[PDB]
Amino acid sequence: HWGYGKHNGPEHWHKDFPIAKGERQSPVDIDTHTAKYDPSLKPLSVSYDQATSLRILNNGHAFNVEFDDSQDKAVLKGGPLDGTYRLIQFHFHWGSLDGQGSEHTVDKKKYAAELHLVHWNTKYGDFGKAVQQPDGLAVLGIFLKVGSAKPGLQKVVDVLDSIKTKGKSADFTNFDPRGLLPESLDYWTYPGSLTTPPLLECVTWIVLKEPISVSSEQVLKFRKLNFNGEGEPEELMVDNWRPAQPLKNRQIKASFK
Ligand SMILES: NS(=O)(=O)c1ccc(CCCCO)cc1
Ligand SMILES: OC[C@H]1O[C@@H](O)[C@H](O)[C@@H](O)[C@@H]1O
Ligand SMILES: OC[C@H]1O[C@@H](O)[C@H](O)[C@@H](O)[C@@H]1O
Ligand SMILES: OC[C@H]1O[C@H](O)[C@H](O)[C@@H](O)[C@@H]1O
Ligand SMILES: [Zn+2]
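Each chain has its residues counted from 1 in the order its sequence is written, and this count may differ from the entry's own numbering; any residue lacking coordinates is left out. The lettering of chains begins at A and the numbering of ligands begins at 1, in the order of writing. Water and hydrogen atoms were dropped before computing side-chain values, which therefore reflect all heavy atoms in the structure. Residues with missing side-chain atoms are left out of burial classes, side-chain pairs and their counts.

## Some points on the nonpolar core
The test is simple: Buried residues of nine kinds, namely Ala, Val, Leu, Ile, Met, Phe, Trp, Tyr and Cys, make up a nonpolar core once their side-chain atoms join them within 4.5 Å. The buried label applies to any residue whose accessible area, calculated with a 1.4 Å probe on protein chains only, is under 20% of its type's maximum; exposed applies above 50%, and partly exposed to all values in between. Only runs of H or I of at least four residues qualify as helices and only runs of E of at least two qualify as strands under DSSP, and these elements are numbered from the N terminus.
Counting residues in each nonpolar core, the largest one holds 43 residues, and the members touching the most others are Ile 56, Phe 63, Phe 90, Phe 92, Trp 94 and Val 156. For this core, the secondary-structure elements that each account for two or more residues are β5 (63-67), β7 (85-94), β9 (113-121), β10 (137-146), α2 (154-159), β13 (203-208) and β14 (212-214). Among the nonpolar cores identified, the runner-up in size contains 22 residues, and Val 118, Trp 120, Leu 137 and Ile 252 belong to it.

What follows is the structure, encoded as structure tokens:
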């Protein structure tokens, strides 16, 4: 199956997922000079006060922190969005070294990692129906650079030893995702896709301009995870990012003048 290596990575995905060559694929390079301020964007509302985290899982590609999405606890509204989008999970993409790891790029700059907070449009009732709609999902993307430690990330870092291999999970209750945000909510937005198979073109992307800073020690612990399962040859979980894809007939809009 699909992955990130030479023999199953992004250059091979199109053979089983032909939408990989589609008209609204993600990620993209964000040309900051071309992006245009959009006065029609409404204020963005990140409402995570009542979030209920449940579990953290190594799925063989990344790790996901999963949330209770049975009711409108943690939601994203406003900005480019029509209606309410419910948080279901977050995960990261990262590199083998600090000079790469992000999926989106900014004037071709690659960051050390990228956080994706994944939300589904409640008008469609469940995540599975939402991924059959052009406006089914909203992903909030946040860049990570290496500098000072991020206190709100440390609980994640310290549980990774217990989910080293594919298929392992651990309880992860009472985690507050607000500790992963930067100060500013200035953002760029465009219509795109999932960045992993099945590559479905259902996503409104909201990419924050301000990175968060994490320490070298924090990202080094991400790089100790394994793509493989227990009892199998060790393959370090690094470079789990898709490169930028063609922009085609799209425009990136900015929330800020
Ligand atoms: N890297 S991403 O934020 O675009 C992302 C989010 C969510 C999925 C899961 C799709 C499951 C389809 O049934 C896959 C990728
Ligand atoms: O425990 C993590 C978070 O859980 C949420 O349900 C609470 O409302 C927050 O105050 C708390 O920080
Ligand atoms: O026709 C003019 C319009 O062109 C579009 O491509 C831009 O998104 C708008 O901001 C502009 O007003
Ligand atoms: O909040 C996420 C997790 O952080 C720490 O690991 C706590 O020890 C644990 O109880 C909690 O579930
Ligand atoms: Zn992602």
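Additional details are given in the paragraphs that follow.
## Regarding the side chain of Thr 195
Worth spelling out the cut-off: Here a polar contact means two N or O atoms within 3.5 Å. Within protein one must be a hydrogen donor candidate and the other an acceptor candidate, and residues neighboring in sequence count only if both atoms are side-chain atoms. Here, residues are in contact when the closest pair of their heavy atoms is within 4.5 Å.
Along the chain, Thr 195 falls in the loop between β12 (187-192) and β13. On the basis of relative accessible area, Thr 195 is assigned to the buried category, the value being 5%. Within the structure, the side chain of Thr 195 is placed 2.6 Å from the side chain of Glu 103, a separation counted as a polar contact. In this view, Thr 195 contacts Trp 13, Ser 26, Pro 27, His 93, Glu 103, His 116, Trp 205 and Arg 242; residues no more than four positions away in its chain are not counted.

## Brief notes about the UniProt feature "binding site: substrate" in the chain
Rules: UniProt positions are given in the numbering used here, feature names are shortened, and annotations may be inferred rather than shown by experiment.
The UniProt feature table records "binding site: substrate" at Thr 195 and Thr 196. Counting through the fold element by element, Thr 196 comes out in the loop between β12 and β13. Note on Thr 196: relative accessible area 22%, which makes it partly exposed.

## Thoughts on the environment of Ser 215
Its place among the elements puts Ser 215 in the loop between β14 and α3 (216-222). Once the C-alpha coordinates of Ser 215 and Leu 153 are considered, the two residues, 62 residues apart in sequence, prove to be 9.9 Å apart.

## Digging into the coordination of the zinc ion (ligand 5)
Under ideal tetrahedral coordination, the four donors around a metal are separated by 109.5 degrees; under ideal octahedral coordination, the six donors are separated by 90 or 180 degrees. Here is the rule: Metal coordination here is assigned from N, O and S atoms located within 2.8 Å of the ion, or within 3.2 Å for Na, K and Ca; omission of water means that sites may look incomplete. Under the classification used here, a metal with four donors is tetrahedral if each angle lies between 85 and 135 degrees, square planar if opposite donors are over 155 degrees apart and the others between 65 and 115, a six-donor metal meeting that same test is octahedral, and anything else is irregular.
The protein atoms donating to the zinc ion (ligand 5) are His 91 (NE2), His 93 (NE2) and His 116 (ND1), with metal-donor distances spanning 2.0 to 2.1 Å. Coordination at the zinc ion (ligand 5) is tetrahedral: its 4 donor atoms span angles of 99 to 117° at the metal.

## Notes on the site of ligand 4
Which entries qualify depends on this criterion: Think of it this way: one heavy atom of a residue within 4 Å of a molecule or strand is enough to make that residue near it. Accessible areas in this description were obtained via Shrake-Rupley with a 1.4 Å probe; residue shielding takes into account the shown protein chains only. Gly is placed with the polar residues, together with every amino acid not listed as nonpolar (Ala, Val, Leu, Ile, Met, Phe, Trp, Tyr, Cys and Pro) or charged (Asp, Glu, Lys and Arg).
Lining the immediate environment of ligand 4, one finds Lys 155, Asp 171, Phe 172, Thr 173, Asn 174 and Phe 175. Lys 155 places a polar side-chain atom, nitrogen or oxygen, 3.1 Å from an oxygen atom of ligand 4. The backbone of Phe 175 places a nitrogen or oxygen atom 3.4 Å from an oxygen atom of ligand 4. About the coverage of ligand 4: the protein hides 57% of its 310 Å² of free accessible area. Along the lines of polarity and charge, the residues of the shell around ligand 4 split into 2 nonpolar, 2 polar and 2 charged.

## Some points on the pattern of salt bridges
Where charged atoms from two side chains of opposite charge come close, those side chains can pair. Going by this rule: Whenever a carboxyl oxygen of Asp or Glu lies within 4 Å of a side-chain nitrogen of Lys or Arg, that contact is scored as a salt bridge.
Per the counting criterion, the structure on display carries 4 salt bridges. The partner of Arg 55 in a salt bridge is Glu 66, and the shortest N-O contact between them spans 2.8 Å. Remark: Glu 66 occurs in strand β5 and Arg 55 occurs in strand β4 (residues 53-58); sequence separation between them is 11 residues. For the salt bridge of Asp 176 with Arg 178, the shortest nitrogen-to-oxygen distance reads 3.0 Å.

## Some details on the UniProt feature "active site" in the chain
When the UniProt feature table is mapped onto this chain, "active site" is found at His 61. Residues in contact with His 61, not counting those within four places in the same chain, are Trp 2, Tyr 4, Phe 227, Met 237 and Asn 240.

## Here's the deal with the site of ligand 3
Taken together, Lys 36, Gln 251 and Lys 253 are the residues near ligand 3. Between an oxygen atom of ligand 3 and a side-chain N or O atom of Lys 36, the distance comes to 3.1 Å. Between ligand 3 and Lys 253, the relevant distance is 2.9 Å, taken from an oxygen atom to a side-chain nitrogen or oxygen of the residue. Taking 320 Å² as the accessible area of ligand 3 by itself, protein coverage stands at 29%.

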